[PDB]
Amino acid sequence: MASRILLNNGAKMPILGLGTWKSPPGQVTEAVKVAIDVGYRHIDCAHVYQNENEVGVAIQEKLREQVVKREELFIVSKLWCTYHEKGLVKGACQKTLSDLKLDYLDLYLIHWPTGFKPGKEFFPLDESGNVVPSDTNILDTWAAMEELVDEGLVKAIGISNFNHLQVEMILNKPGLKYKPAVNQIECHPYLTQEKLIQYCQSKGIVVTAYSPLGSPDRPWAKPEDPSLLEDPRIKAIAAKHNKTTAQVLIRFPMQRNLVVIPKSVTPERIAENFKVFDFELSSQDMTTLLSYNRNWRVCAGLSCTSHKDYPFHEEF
């Protein structure tokens, strides 16, 4: 298992990265420092996570310490929904760059296909509680992303939470200049994503799997929800391989040619989650894990289902 996957922009992306959604600002600097110290070279970020400044403190310290060189790091962020208009994209990217202490991103993603009204609120609401959409579509937002490549702000651009028809829309964009390098989507044994993964891979788009552990700290968790880390069937595969359940859950997408971005702020788990390059799941293990699909989403976006561009009506 090689550590990096070749993107369609010619750059290599580490297949294991550290997630940062929900990482508290007072803990994420140490989390990222530990991650870099134990071998991580890819950090997944976003402006909407409200902790990019603190992630950046860690990156800058490790660069200053010469633990790593900038060229060895692969830093990803995402354009939030209230910045889809063409005149806001550059400033949104530049705020992320400033916060992260960087002069370029390795990858910048459209975070969700849904554009929302610009303003201070990340979810602008009407008086009846619906999110207020923007009238800027995925194709004009894509053109604005392409400009960022041509200005040197980002090395690669991609998409996140795009369904296959939305991916196709960009691939079919009149005058398309750069194809999306990555589609970052939720993926784990309860949401196995066979259809969307094969489509993206067939087009040379690399898929990153988010919430690979089932996001046990998601703010809307309910006790009745299924739990990957506690599933006895997955625990049994882990025991057979003398690994933890989390390690199996991280290795699983790796063997599907996916990138995977488990989140932790716990030093011992950050280190544990990286020790996944020294064992192999069998084909039978892989097919068994795939069999657990139930189309269950951590990020279902139920408050966004009437948006012209809500992604999860379509089968995939």
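Position 1 is the first residue in the sequence shown; the rest follow in order.
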### Query
Hey, which bit's got the bigger mean C-alpha B factor in the entry, 214-222 or 78-86?
214-222
#### Entry: Segment of higher mean CA temperature factor, 159-167 or 224-232
224-232
### Task
Would you mind finding, among 189, 204, 180, 113, the residue with the largest C-alpha temperature factor in the entry?
204
### Task
Can you work out whether the C-alpha temperature factor of residue 143 puts it in the lowest, middle or highest third of the chain?
middle
### Query
residue 293's Cα B-factor: lowest, middle or highest third of the chain?
middle
### Message
When the deposited Cα B-factors of this chain's modelled residues are ordered and cut into thirds, is residue 70 in the lowest, the middle or the highest one?
### Response
middle
### Task
Sorting the chain's modelled residues by C-alpha B-factor, tell me whether residue 274 ends up in the lowest, middle or highest third.
middle
### Task
Would you check the entry's CA temperature factor for residue 196 and let me know if it's in the chain's lowest, middle or highest third?
highest
